[PDB]
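Next come structure tokens for two forms of one protein chain, structure 1 first, structure 2 second.
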Structure 1
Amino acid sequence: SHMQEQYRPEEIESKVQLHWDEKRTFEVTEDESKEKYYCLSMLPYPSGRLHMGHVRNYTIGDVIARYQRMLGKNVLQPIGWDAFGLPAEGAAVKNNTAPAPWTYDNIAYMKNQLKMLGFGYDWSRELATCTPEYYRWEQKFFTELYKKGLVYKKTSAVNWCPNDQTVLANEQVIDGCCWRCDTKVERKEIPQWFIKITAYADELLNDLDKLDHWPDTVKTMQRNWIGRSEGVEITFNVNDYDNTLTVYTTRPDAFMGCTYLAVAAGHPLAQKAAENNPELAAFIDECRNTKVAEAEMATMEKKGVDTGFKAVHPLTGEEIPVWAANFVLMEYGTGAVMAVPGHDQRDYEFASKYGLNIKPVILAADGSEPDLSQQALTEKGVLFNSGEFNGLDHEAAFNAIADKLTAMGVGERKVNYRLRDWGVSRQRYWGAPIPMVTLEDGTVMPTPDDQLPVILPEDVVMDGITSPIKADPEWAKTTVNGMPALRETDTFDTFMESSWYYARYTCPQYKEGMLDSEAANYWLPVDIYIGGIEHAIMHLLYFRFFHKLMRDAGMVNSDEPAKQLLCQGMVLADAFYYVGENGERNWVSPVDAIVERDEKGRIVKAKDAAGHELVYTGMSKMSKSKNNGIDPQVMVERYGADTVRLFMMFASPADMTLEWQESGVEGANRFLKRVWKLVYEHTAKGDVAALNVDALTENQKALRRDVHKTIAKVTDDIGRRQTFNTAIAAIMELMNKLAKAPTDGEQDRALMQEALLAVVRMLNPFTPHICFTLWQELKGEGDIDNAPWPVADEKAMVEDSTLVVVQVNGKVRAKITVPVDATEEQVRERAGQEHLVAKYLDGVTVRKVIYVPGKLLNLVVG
């Protein structure tokens, strides 16, 4: 029980971290007496090392968790591991191991790094998603979803390197060819399992209105991703072809100006025409090189070839040419469209290139015929050049042609969504196996309940090309309904495990079912959910979707999983690479790469310690993929966890995208030494007297105002705003004022006790290790972790005056202190007494006066 002069983190931090582990401070149960607060950070993929992206996410959470703990609540802050994934396979092959032990090594290493950063997690509720204790229940749930009719199998496009005969990911393809071998990747239609997320398309879209504490950035992204759309599916007939063509459109009003139809590459009409036509056959085989990604679909030049078959326009009775094209999506809509080039900018460029007919049917705003020499007229208006449908407005023209095509019996109104169904089949090893069984009959059915879980074997060896569970034919064998059967070798998408980990944290050792609803509904829904903006759409839409499925199974009460979403900004860093000797992308770290910069700041050249011409790919999010992550363990060993934690929070507000930099860490270490020095000098003098409230000087009253005003600001900045940089900045101001304040008399040292006890509590969320020690030295009640959050004294914060700015034609000339209860006439009189104000008022008249109470006075002058 003795404080050193010098602040030594290495001696303090490890000793306090053991105390938290041994006393089980952050381990919690479902306490009915206390108020719950579920503070959830998104669980990491165990890549190997942590990086400053991870540190920002998990400090932000731990700040809120420790803050909410000090408000007197039972705070659950869990931590787990999204263990399944693609990187584990490639790394296992490269390092000559299996994917399982590689993943458990990386979990072990990262568990240490998190513990040394001192995040108050509930380690008794730890989860690894690659263990069968976890994935047994999602398998069991998948079979339940099949029996409800929410699962179905269909053919879907997949990236396929033809030589190796393996399914590649989107990341594994680069610049057309495959990243291993010099051979072009091709689209391959392959049967896969899907879950009907479109069944909950409206509910996912509509419930965004109820999420008031989610940011509008994420909500509007999810609305646009789902893309609910009311329109008409119009059917056609073809001359020398039996099968009809159905097309979707939101603009049936412009149907009479439909000069041609565009068709997707993988449409069954195009296959019939390609038998005789040699150039059309070459176009379809060229569309094999089209990648499975919407980025490369639209960015490329919109090419096309005439099919030959002429579709009959049902209303006009005219033959129109069907065309193949590489900008028309297969899975969105039917496959084909009703291309109106006169009133669509995408179709206009297609019609202008190939010289197709451009028919105008919609009048302009003024009632005049449109001018379609330069561009299309996307706007909606009155019809003309459309037979019986002339004169009608957009609302009438929508209904008229819809009622006509419903009456004719070759058309119907339909609610189409952009949202496609969630394809969950993957053909890799390191994943939870899909519980489906193909019998010797030929019939497919779910794996029965007694045979679950379908355990993935960890003890294996991988060649790299084919999966071990696929390669060995003995694994698939089983016996269902008293006959031979072959279970599904496809494994789940890793989003499957991340779509219910939040629920399983409430009851992670529960052997009887998927969720213990007593425990689940106590904690759920999640109060604050903290992740990257990267997961705005993909994960967060599955996350919610899965909650609604679990609700309909009677597992959980709430309609939504998370109350508040806090999407922190991506921690950015530069990313370099060089092409290998066999076309393999070797990403070099920024530390290794020597760089020559521009005068503005941009990068021009990029060498490395070896000597390769590196390819600079701009700033990008820290990740092991691009090899630009910065390990915090170097800075933690040098400066301490608290220093690194405080710097991450001080550099920018949570939601803002930060470019990572080393310059700034020294300011945090200097600040903590100043806090340590002020308490050392204070406590060394001795104990303190009781504080006399109404016996202070004007300096002492003003100082105590700034103490309680900081408590009000820091409470608002942490609680409501999550602007931790301004909260920390506010405390830095107070510490500078406390340093200058003399602590000679008993009233000053009594004030300094209240100040330091307040400042140490306000810093505890950010820098918990140093504050735990200083709390004992200031002689507070128990541990700082469970100690109460400071409440500001409204009597202490009362002002006797306020600053008023004086402007003359919107430009500041003087500044004055004025009493709070002061009229506009008193402020004008005081403002006139200033010499810089009266300088510009002479020779001219006061035309208009603008006065903001207690803030600003602007004099408009002629």
Structure 2
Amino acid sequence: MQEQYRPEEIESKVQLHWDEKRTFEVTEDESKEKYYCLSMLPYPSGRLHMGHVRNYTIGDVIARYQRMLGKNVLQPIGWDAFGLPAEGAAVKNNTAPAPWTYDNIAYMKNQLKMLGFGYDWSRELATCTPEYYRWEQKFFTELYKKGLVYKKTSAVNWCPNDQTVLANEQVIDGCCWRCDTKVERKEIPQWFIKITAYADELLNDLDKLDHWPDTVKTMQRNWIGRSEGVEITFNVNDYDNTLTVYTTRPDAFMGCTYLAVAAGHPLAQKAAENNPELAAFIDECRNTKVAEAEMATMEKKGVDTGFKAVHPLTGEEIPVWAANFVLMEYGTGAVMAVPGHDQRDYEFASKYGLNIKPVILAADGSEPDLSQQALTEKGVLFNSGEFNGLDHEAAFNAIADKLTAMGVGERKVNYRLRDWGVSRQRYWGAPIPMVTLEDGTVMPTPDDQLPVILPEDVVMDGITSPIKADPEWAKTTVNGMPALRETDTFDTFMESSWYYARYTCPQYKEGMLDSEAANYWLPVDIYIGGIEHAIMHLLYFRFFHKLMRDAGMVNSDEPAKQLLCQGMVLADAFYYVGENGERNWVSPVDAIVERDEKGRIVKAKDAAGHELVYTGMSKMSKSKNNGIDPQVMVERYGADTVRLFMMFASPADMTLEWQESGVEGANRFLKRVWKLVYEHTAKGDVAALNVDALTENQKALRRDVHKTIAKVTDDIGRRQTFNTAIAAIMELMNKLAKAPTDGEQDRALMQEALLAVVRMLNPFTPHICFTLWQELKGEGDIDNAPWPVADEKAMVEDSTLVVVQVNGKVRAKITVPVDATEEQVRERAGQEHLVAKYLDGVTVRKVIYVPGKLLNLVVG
């Protein structure tokens, strides 16, 4: 051991040891108890950023902690390798998506290995390889055969000039991010999976996930959006078809003063013939963006269609209006409006002079004031014919029954949850295994033809997909005749919905899963990934587990026991507009910045001379170009310092604004730990510790040692508050550095304490701890060393601290024996001069005593 901590001469050395010994390679060992510690797998974007480092350090801490408790820990890594970013990058750099992606994988693989994360590299997966995607292809055809896949027309962002489809991200400030011309809605036929078929199972099973946080569970309930309501059908005067709507408020049905229909609705299209105002409005509606965000923030607009629907209970003619917020793809493409008791309908009817009829009494039984807003709260009906005086419940059922008996209403459960559209019109994805035959029929690709391989040796024009552009590729032969296979590819979430299961048997060729290996490792003990995925990915992931259960492939009903959603690591983001309207994101490293009195960024320019637009703190990613690569710091201070600093910055679940300030604190701390072990071990082998024999100074220190063990164990195992676990270990090191080390008993206690500090610090900083454990002459490699256990006898307290307050304000703090009574504490508190100061001339009215903790004398 050298005097100086030299990370550069340790980490690479210890990393190689792990590779050669295959330390973190695991099999399905029936002797050991299993623990599956999964971190969400990275997209190979180029380099890691600190977001990645936070995810994979949290993973590694739990992986190493649980290994040290004696478990067989699976910690796998792989690459979610299909995606959009590879297409625009490959074009711009004059490559194809496949080689760009595999380069990134190698680069990042190397970064991950330099951070020292104990992965089972034997189980490494790439989702873009046909050894992987063939199985989801096979699976999709089984899903079709089971009736869980259908095709329908769906809205996509379409560039009419280029004839390309654009993702929501690629549409910016209305126009496209390439050049200046409008982006329009185009309904295009596409493949969906009936996730709504499992909506109730997905909804109900959230009540079983008591180790998933409520942030995630509540977000998921609200996303699925289960409601029990009524579908209602209206005849329309001079139109042969009917209009069907869905309401959850059939109690306010008598205050329905108009209906609102989509721009795509045939009734709107029929009326557009003779109504040029409406025809212009429908044509305008193609500019509406395919994104909920923009559709709720846009100004609510509409035109009268001229068609009058018959209200089935009053018989009154009510106008049908075409509106820009009602859409054909979702639901019936028509809704009913009750402006008196729906605020969105109130705003619409106010703007266009439509009738605002009241039908719900206020809580006191008064007719409501609808002069500033709608009465959204439920109540008794008035102005409702035979339904007057009925409360909410009875009104719901009465109107439902009457509408059912008339044969124009039916009760119905609805979900906000729409089905999962898996079609993408992009090159870099697994091809969808469906086929169109010469005779017009559509069916799954036959099993003998799976996988449908995506060619990698291609030339990209950026506009069209190589497999769509070349008409030879689609040609196959099925049932004896010519067929054309699908040129659309799968949504990239398809590969990330079952990777966790494939990790248990990645080289298995006979099927999707080896169910012996899958049932040994599943379900996942802890799943670690960003709060960004709370809804979309986690929901698909849970849905896909239920599909594989229904194929008899897995045992569990849910895929993951515990879920730890870390906060986002944020950074400042800047851009400038280019010479044809293209956003160009600049890194915060390359941006000269001038700040406010409050610390806010007020001016920003790049090194060249472009006035930058500052968008704010947002998540680190390659898209906004605001990601900080760890590679520079790792080579400066070492991986252990970078890791410790990340874990010490903030509790895992809280979102972090990244800053370089603080790294030295971790670097210095590790130098202090190194020093203390250097000095202790230079003095040689130590005597055995004599417990019953220690002085009161020695007894007190050993209490703090064993209390750190208990607290750190709880802080990692239960709370996952690693920052407080490190702070506890740091405080013990300051105690240990001030302790005497002369006597045989002092050196024996220092041994016990350092053996324990090094093990507690190992999950965080495993390289330095691997080395230090050998210097302290610990048994074996620290990776398999047992986790230290606190000793109840060493932790027993002889006194406790009581806080003394007068009318809630702290006036003194006293040490008192643990077994002390209220009367003794009062008498001891009275002896304090600052307590007596505020008891003079006043009476003690009330006393509050929290045992061993607090006394409040309520005085006046």
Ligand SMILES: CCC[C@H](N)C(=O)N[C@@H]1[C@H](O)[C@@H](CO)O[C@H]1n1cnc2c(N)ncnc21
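What we label the rigid core is the largest C-alpha set whose atoms superpose within 1.5 Å from one form to the other. Shifts are known only where both forms have a C-alpha. FYI, numbering is relative to structure 1, first residue = 1.
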Which of the two shown is the form solved in complex with the named molecule: 1
Shifted position (C-alpha, 2 Å or more, core held fixed) between the two structures, chosen from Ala684, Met330, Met538, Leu691: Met330
Shift in Å of the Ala364 Cα between the two structures [rigid core superposition]: 1.1
Shift in Å of the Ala265 Cα between the two structures [rigid core superposition]: 2.2
Segments displaced between the two structures (3 or more residues, each Cα shift of 2 Å or more, core-superposed): 327-333
